[PDB]
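Two versions of one and the same chain are coming, encoded as structure tokens; call them structure 1 and structure 2.
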Structure 1
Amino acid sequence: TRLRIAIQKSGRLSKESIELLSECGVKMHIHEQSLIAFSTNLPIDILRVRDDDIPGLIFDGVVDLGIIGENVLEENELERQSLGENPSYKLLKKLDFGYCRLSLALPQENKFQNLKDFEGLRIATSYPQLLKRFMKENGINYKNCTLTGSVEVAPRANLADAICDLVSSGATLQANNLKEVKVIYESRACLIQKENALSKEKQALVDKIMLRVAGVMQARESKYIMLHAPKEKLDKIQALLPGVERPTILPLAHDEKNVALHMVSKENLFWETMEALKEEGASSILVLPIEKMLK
């Protein structure tokens, strides 16, 4: 009937998923406890489910789309493969949020020279397949300890000698006196689709959503810069701030000496050149938002 999208029930990843859908024009009036939501303007249903359950729903084709971390997706792919299955899906887009590293970590006091220091250790993780593959590949024997949450407390708790867990800022490792020693997997959120072909109408909607997703991602760190400069300085200013193609050049009232120039720029690059712009005579410099860009 309607296109079905599975998203995470909780975490920063869930909030960013809802925001992405909203920016892609999916209106939804969603109670905190509602597990199935129905878009009010598009034929789309949103299913809020535990992250670890999303890959299996996509593998089995009972939802159409999913937003999920690569780590969770591959963990579950490996699990299904280990049982003799052949899970498949389509990767539509690697997204610009949910960034993390799956890393081996040890108490700060422990001595680490190389990977062989994990030989024979109990290692606590929520990703036992990803860990198993890596340790097999490197020929390191270890004892697995599967924990669903609070993995960082396992060494202190004496449930394990070490951990393999997700790191973003590194604050959680530090708070628990752990040192990140080896990155085994890098992940971000991705948008995936079931393998079996959709109806023409559903696929057409996916295509429309994907155009907007690309628009959002393209605009993400970019702003629309406006400024005034002497006409004679056009070339110097263009060399510093080129725009996505070339500056727009706009007349100013009763002024034949100066113009307004407009350029799209990544914001951090703008700030890195702002003083040189002033040195070349730029004034009244404005930074405006861009919600979507299509190049």
Structure 2
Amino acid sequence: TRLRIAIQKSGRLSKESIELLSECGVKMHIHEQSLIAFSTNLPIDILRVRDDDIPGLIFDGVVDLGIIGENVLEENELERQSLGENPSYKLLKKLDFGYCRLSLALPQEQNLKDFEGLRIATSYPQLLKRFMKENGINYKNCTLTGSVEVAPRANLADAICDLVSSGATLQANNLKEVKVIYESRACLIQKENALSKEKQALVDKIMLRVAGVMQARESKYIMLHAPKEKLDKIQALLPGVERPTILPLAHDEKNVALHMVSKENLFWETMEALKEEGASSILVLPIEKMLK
């Protein structure tokens, strides 16, 4: 049988989940009508489903791997625990996308006790519940799967417990963030029961590549020209991951090419200082995978 991986059918995670699988060498033809997309080059089946189903599919052993936000994973874990079940899974990797936080927020027109008795709208009723029990606060519930941010101005609720990627989003609905109750990111998870030897080996291969993809994010390959005499000064500004590669230029004994891996943001931050030190013809090139 083939390895089954469940990803979000469409949405935030979906594009990034697909891109990640593609960079890990999985080729597939995705038809928006089909539940499953079959890999053309590897024994892998990609299930594209509603995000909320993914944890359950992993807990129940229906699929082997899943990519899902920690928030959705924990919300569902809690729902199942409170129904008396014992869900389990293996965390393989916390990914570098899907960054967001779950925040209690009130109208700008302030404290945690100010939430006592309020109606609070959320898509994550279970995370909200646990947090309010732990802090001894009573409140009335209003579960909406979408458009939570509109609830207060539409007079459906007094406050919200909303997922945001940016502080500014709340301010732009005249809401003040009061307490962050959960921080999340996309994870790659695996079901509890051991896989067959061949499936596990395939998972291991994929993980090597996942690390390579993750390690390269935000990094670029920098090339420049400088006088040999300036090597030490430039190296101090742009050290590389180990040390600069040094390359001769044709018919030139005074100048060299230097190559270094750098985080893109650090490069821009020292770019003008590199020029002051005599660097010229500076190139930025992409890197798709990095292995330490």
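FYI, numbering is relative to structure 1, first residue = 1. Take the two forms, find the largest set of C-alpha atoms that superpose within 1.5 Å, and that set is the rigid core.
Of the residues checked (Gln174, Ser88, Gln129, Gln203), the rigid-core alignment between structures 1 and 2 shows a Cα shift of at least 2 Å for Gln174 alone. If you overlay the core, the Cα of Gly11 moves by 0.8 Å between structures 1 and 2. Shown is the Cα shift of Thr146 between structures 1 and 2 after rigid core superposition, which amounts to 1.2 Å. Taking the core as the reference frame, the CA atom of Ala157 shifts 2.5 angstrom between structures 1 and 2.
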